[PDB]
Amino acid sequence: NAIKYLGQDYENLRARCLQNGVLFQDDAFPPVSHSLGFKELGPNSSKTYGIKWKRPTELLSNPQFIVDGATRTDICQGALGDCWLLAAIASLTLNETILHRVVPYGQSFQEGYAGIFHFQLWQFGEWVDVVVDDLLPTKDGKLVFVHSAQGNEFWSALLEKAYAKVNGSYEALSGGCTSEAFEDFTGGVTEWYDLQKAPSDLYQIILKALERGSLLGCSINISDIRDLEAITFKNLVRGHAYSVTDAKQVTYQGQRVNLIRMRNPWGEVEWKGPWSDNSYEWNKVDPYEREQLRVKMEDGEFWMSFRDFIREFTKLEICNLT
């Protein structure tokens, strides 16, 4: 029941292209440099050199919209500073209700495929349907911006494009606020917490939020804008949005420890402290908890004790829904 952004009708356009024997080309967000950017990604820029617009059906013999469900590992940041957005999309996948709204089902590259897709966002004070053609920025046959751990999966790349479309261009997405993305996917209420002055029952607040299906994100502030994308010695990225994906407690050497799980939208580069994938701490806990919580995989997701979490991170944003 969403309203058509710019008046473009997904079903009518798809049927029309199928009848006319052609693939959709978006006049509202065309496959040209103006859709990429205006400065760092403008036509006269080095970052756009070699960038060509290609459809998934031109790159692979078997492109798929969704493979093994739409999940957080499907969100791997590319050469665009839109971590705030990607962390939001990753969190979104943990609430099927909202995911199913933002990403309509029944879309594929097989039957009825006409080079057009659509998504719904909370914009201009309402739920709007945004259409996009599947021409994506590529370099040497690979996606330049967001991509999935599954090489033949494209829903996340297409959603990022629709979000870029409503904002004017991909470059417009460089630099942002996680809460802004949370609201565009939920129309809900956002709150934030200063981890340097965190409430005594903040962990409980997180537990309930995660249970209700709220979206949570966190980040580490920097002294200035020069320490951009600076990795700490503990291997955390500062000035970078992370998705908070879980909160569980474990019994460590006789007493339970509050743990928190988060994911770097890069899909790699994880924390190297206690509770990390190859950390020793997992030996001092019971097998059940270890096998049920620990996952040894370079996926950008990792656990931290809540104690270390509030010391290392500076901000936590939470978006609660209906």
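Numbers for residues come from their place in the sequence shown, where the first is 1. Think of the rigid core as the biggest set of C-alphas that the two forms share within 1.5 Å after superposition.
Taking 171-179 and 224-232 in turn, the stretch whose Cα atoms are more displaced from the shown form in 7 other deposited structures of this protein following rigid core superposition is 224-232.
In summary, of the stretches 43-51 and 264-272, 43-51 shows the greater Cα distance from the shown form in 7 other deposited structures of this protein, with structures fitted on the rigid core. For the segment pair 149-157 and 199-207, the entry gives 199-207 the higher mean B-factor, averaged over Cα atoms. Of the two segments, 245-253 and 72-80, the one listed with the higher mean B-factor is 245-253 (C-alpha atoms only). The entry assigns its greatest Cα B factor, within the set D133, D129, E126, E171, to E126. Ranking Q64, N44, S35, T57 by Cα temperature factor from the entry places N44 first.
Among all modelled residues in its chain, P31 ranks in the lowest third by Cα B-factor. Per the PDB record, residue ranking by Cα B-factor puts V285 in the highest third of the chain. Split the chain's modelled residues into thirds by C-alpha temperature factor. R238 is in the middle one. Ranked against the other modelled residues of its chain, the C-alpha B-factor of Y193 as given in the entry falls in the highest third.
The entry lists a Cα temperature factor for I260 that places it in the lowest third of the chain's modelled residues.
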